[PDB]
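Residue numbering for the first sequence is 35 to 1045, as defined by the deposited numbering.
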Amino acid sequence: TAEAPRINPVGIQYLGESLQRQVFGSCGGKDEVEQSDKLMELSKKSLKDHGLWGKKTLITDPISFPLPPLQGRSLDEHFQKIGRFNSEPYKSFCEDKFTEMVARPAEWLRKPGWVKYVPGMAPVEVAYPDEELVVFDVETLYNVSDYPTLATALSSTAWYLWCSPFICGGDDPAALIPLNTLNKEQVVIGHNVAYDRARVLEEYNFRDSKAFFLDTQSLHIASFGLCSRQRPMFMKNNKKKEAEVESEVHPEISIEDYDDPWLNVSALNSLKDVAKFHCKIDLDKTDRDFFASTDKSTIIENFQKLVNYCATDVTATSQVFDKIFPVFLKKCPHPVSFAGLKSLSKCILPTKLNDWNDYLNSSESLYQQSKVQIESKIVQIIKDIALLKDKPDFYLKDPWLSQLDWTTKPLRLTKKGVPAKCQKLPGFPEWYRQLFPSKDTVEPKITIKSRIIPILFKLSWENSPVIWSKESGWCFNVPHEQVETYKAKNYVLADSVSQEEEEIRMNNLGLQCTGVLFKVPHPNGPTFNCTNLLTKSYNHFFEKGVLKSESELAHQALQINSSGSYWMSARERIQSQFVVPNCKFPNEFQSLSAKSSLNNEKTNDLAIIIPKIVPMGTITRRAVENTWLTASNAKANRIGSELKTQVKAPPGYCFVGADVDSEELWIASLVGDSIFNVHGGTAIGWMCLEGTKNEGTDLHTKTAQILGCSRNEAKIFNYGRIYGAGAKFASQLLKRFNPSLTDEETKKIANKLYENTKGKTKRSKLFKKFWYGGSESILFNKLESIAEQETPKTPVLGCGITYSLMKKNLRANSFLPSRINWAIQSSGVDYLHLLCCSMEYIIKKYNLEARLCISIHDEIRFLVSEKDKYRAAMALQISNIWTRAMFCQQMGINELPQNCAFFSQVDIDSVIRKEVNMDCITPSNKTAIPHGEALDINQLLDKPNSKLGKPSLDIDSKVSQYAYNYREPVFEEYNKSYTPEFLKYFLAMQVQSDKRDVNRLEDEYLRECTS
DNA sequence: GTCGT
DNA sequence: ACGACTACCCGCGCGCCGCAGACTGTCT
DNA sequence: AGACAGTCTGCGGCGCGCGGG
Ligand SMILES: Nc1ncnc2c1ncn2[C@H]1C[C@H](O)[C@@H](COP(=O)(O)OP(=O)(O)OP(=O)(O)O)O1
Ligand SMILES: *P(=O)(O)OC[C@@H]1CC[C@H](n2cc(C)c(=O)[nH]c2=O)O1
Ligand SMILES: [Mg+2]
């Protein structure tokens, strides 16, 4: 009756026969049986050492449902043909591009709209250029409005100029540039092209577009990338440039280029630096000042020079692209990369105008009131203190007040006249005078972040006033008889120089001296000093009675800081967004579906925001957004944290979204398990694959119960260990999570956890230094082994590394921890590209009404009508299983576990939030939001409308034309170098747990080598 | 790239 | 001089130091 | 009636801590 589960030697489930046939086809192995016997004995020893042999795992019923068929005999052929289908039209336009440039017109004309100039003929007026490929540039005035002012375009046969009606006679500055994007397929090349895309008229539609905007900055960051090592390497480049500019003679190859050949590899991302590095062109940026004016009559003059400057920028961009493009084509030869690059450039954000304005007003109105209410009282306190000038004894017999500078400057007297020498507050103490910046200032300036805040307040650490020392920071005084006693609680003595400084400071006031000075502890360590006392770290110490105040203002200050830090950080970015309403452009906001189907209300308000996304702005080739990839989540106390809830779907539509579970951990486990050619060969892989999230048995949750912390903190703890964190930092993090623990406990727990995870180290001559005896030793050794290759490539697709981080350019400096993370963090991007390609292929094939809305890292959302929601979820599941199967096949394994095949949850909602069940209550927002829906695979299958429907026959016919070429995987050519006996003896030494075993196996290997 | 034995 | 080291992004506020710039007071 | 040498008086760039994903 029921199908029997299929289980490999270790207790893990695989896919059913139906899914096996529909995904992997007919594949057989058993070629390496003789090697697999010895490998299985070694794996048996490794698993029995850690007590994981014969342990129970989760087993469920098989899952069977019909998938769409594949287009090849292997996954690689299928993905290549789909990528060629999806990137065929525009890539032919990218090649055969013109290399010669036509001449410029002698004189330009000021007419509203689009004017075409062809050399040898009279200029004409056109509605739109109607060209396959153009180079584009836009200029706007940013102090009057956000709308464009003029535009220039170049093609292979003519020049095009666009002029706004605002500068040709008129008072309405709202206008947009038309390009007929909804009907004509075209490629537009530019530098930071998203800013230019935001000013196009036909981009403000819910219906999809047919234009491809390409950026040269991403192409420069990918190949010939800037170092971007998050290192002083950026400072190193700047100081080299300063030194080279300073000295006419440049013997660079003599000293600094010999030690650091990386210096002459790349430059900065700006257009000036990129153009200067790639070509011998010098550009001028002065003319930008002409666009900083408020009046428009200045733009009427100097028309010719501004237009010529725009044309020069266009020419420079054209030459830069012509130089860069083939190198990027050589570095990334797979079509899926280009398809994903095209796909990641069409984001859109629906909003509403009035709600946006109300949200902004509420946030600002709360923030300013909260700031002013606490800033009012400190001035009164200062004015109360300031009347003690006449009597010295009060402030000379007080502990806190005696650390101020009370010296007064005498009144100057020029001969026979008033001084009038720009004096500031004559006959006043120095600390009072220092508050006022200028003569015009009448009210003192003070914030809660000023240095003298503890002195103005009365702050005590264990009933001892705080003292400021220039060398060490904040300190407190301990009597002699207890100096040893306070050393029992891990209090570090201050530096000696501070001791003499305190000695003379007291001696100037007499009072002899008692005790020594200890330092207030700092969370990062004993070496770092303390300079602030109202941060998050000292909030805990305000409770439990360690830090105490004689005034009621400190706790309020802590509340206000914690409530307003994020809004203070992000207010300028948030308030400057460009929002376009429906009232101004009544012929553009067209529905995604072809049929209108009414759904019209009494003048409803809608708006669209186009994000400024740079597709490839990282060495690991991730995307960059300054505002929308850094948005905070909703919190009860935090002000203005409901930003992402402002994205609302129009009536009759919804959002469908998904997020990937434990991506890089799974990738690392697969890389570790690839050696034994079995799932669960290593201990870490068996621990990772034995549980799943829906029953609360995943690795992060288990670490959370072992360490007694949250899952988010456990993620940081687990990733830090993998990416190279020491045991001391781990103990510091453990104390950070639980601040009521002693240092000794954290040290023993950290050492015990690190000993089990990583074994001892063995150093030899013929074999280099390696770890042994640990559960993850093989994974680590494989990480440095692949990091030390001559030509590193991503294991799945085969993308090369940037020239800055290559071995030959790095002579002395190494940057190893940045070289190790690169492969995993780039596979994380290959995953997203494959997902996007699969989803958009399915959307084209089955005629679904959907469009990509937003793509945060490892999280994707789509805007879908009411009818086709479950079909979109189904397509998401199919894309996920195809991507995982491709990753498994590229490593040399033709099997897939059942537990990790599908998404845990799929979210259907009307707004963007982390969880569908959140209420999103903030101090700014007093209204709850209704909950959404979340579904897993079985409940999705139970739905009646989950089925796809009938396909289109012509799509497969078009796809079948493209060609396929066989390529060898990268790990095979890596393995070609090493001899088999070397690998077997090395792994046999790695699986041992004792030094004598390693020595005797090394001796046997040496004897075999001699024999 | 940067800092201790 | 060798070995050990969480990784990739974004940005605001406060203290410090190097220079323009105005005010006299002899000095011519 | 200038010449110029001190003599203060701010103003701007830099860097590093401190927070968000
Ligand atoms: N401190 C960190 N250090 C290094 N990498 C991190 C760190 N935090 C997050 N990441 C990495 C790992 C992830 O691939 C990715 C973050 O995506 P994320 O979804 O939050 O983690 P996750 O997918 O493993 O958990 P979950 O299953 O809950 O989604 O970047
Ligand atoms: P936020 O919702 O917290 O994070 C979403 C994405 C996932 C990946 C990226 N990211 C976040 C954090 C906190 C990190 O340390 N590293 C990341 O890459 O932000
Ligand atoms: Mg995730």
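The beta carbon of each residue, even a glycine, is placed where N, CA and C say it ideally should be.
Item: Any non-hydrogen atom of ligand 2 within 7 Å of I890 CB; Value: yes
Item: Where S410 falls, given that 16 or more other Cβ within 10 Å makes a residue buried; Value: exposed
Item: Cβ pair count under 8 Å reaching 3, the region 329 to 347 against the region 286 to 303; Value: no
Item: DSSP three-state assignment for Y998, whether helix, strand or coil; Value: coil
Item: Limits of the alpha helix (DSSP H) - the one that residue 18 falls within; Value: Residue coverage of the chain in this structure runs from 35 to 1045, which leaves residue 18 outside it and unanswerable.
Item: heavy atom of ligand 1 below 7 Å from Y757 C-beta; Value: yes
Item: DSSP-derived helix/strand/coil call for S98; Value: coil
Item: Any non-hydrogen atom of ligand 3 closer than 7 Å to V694 Cβ; Value: yes
Item: Option nearest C381 by Cα separation, candidates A1022, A884, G203, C934; Value: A884
Item: Endpoints, the beta strand (DSSP E) within which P985 is located; Value: Note, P985: premise wrong, no beta strand (DSSP E); not H, not E.
Item: Closest residue to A350 among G598, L422, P499, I223 (Cα-Cα distance); Value: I223
Item: Whole-angstrom C-beta distance between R845 and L882, which should lie under 8 Å; Value: At roughly 54 Å, the Cβ-Cβ gap does not stay under 8 Å, so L882 and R845 are not in contact.
Item: Test item: CB-CB of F246 and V221 under 8 Å; Value: yes
Item: Residues that DSSP places opposite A187 in a beta bridge; Value: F170, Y194
Item: Burial state of residue 23, where buried means 16 or more other Cβ atoms lie within 10 Å; Value: This structure leaves residue 23 out entirely; the chain is present only between 35 and 1045.
Item: Per-residue DSSP class, three states only, for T735; Value: helix
Item: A232 burial status per 10 Å Cβ neighbour count (16 or more: buried); Value: buried
Item: Status (buried if at least 16 other CB within 10 Å, exposed otherwise) for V234; Value: buried
Item: Outcome for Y176 when other beta-carbon atoms lying within 10 angstroms are tallied against a minimum of 16; Value: exposed
Item: Residues sharing a beta bridge with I942, DSSP; Value: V690, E967
Item: Delimiting residues of the alpha helix (DSSP H) encompassing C128; Value: 109 to 128
Item: Rounded Cβ spacing between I709 and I812 (contact assumed at less than 8 Å); Value: 7 Å
Item: Member of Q611, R138, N395, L81 whose CA lies at the smallest distance from the CA of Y343; Value: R138
Item: Residue range of the beta strand (DSSP E) that includes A884; Value: 884 to 890
Item: Exposed unless 16 or more other CB atoms sit within 10 angstroms - verdict on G117; Value: buried
Item: Of the listed residues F132, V178, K145, nearest to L167 (C-alpha basis); Value: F132
Item: Exposure of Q609, with buried meaning 16 or more beta-carbon neighbours within 10 Å; Value: exposed
Item: Which of helix, strand or coil DSSP assigns to residue 24; Value: What is shown of the chain runs 35 to 1045, which leaves residue 24 out entirely.
Item: heavy atom of ligand 3 below 7 Å from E967 C-beta; Value: no
Item: Touch test, the region 642 to 652 against the region 382 to 391, Cβ-Cβ under 8 Å, three pairs minimum; Value: yes
Item: Heavy atom of ligand 1 within 7 Å of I750 beta-carbon; Value: yes
Item: Reduced DSSP secondary structure (H/G/I, E/B, other) of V152; Value: coil
Item: C-alpha distance - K903 paired with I942, whole-angstrom precision; Value: 8 Å
Item: Residue of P957, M952, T956 minimising C-alpha distance to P964; Value: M952
Item: Limits of the unbroken beta strand (DSSP E) element including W495; Value: 493 to 495
Item: Option in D639, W87, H589, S189 with minimal Cα separation from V613; Value: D639
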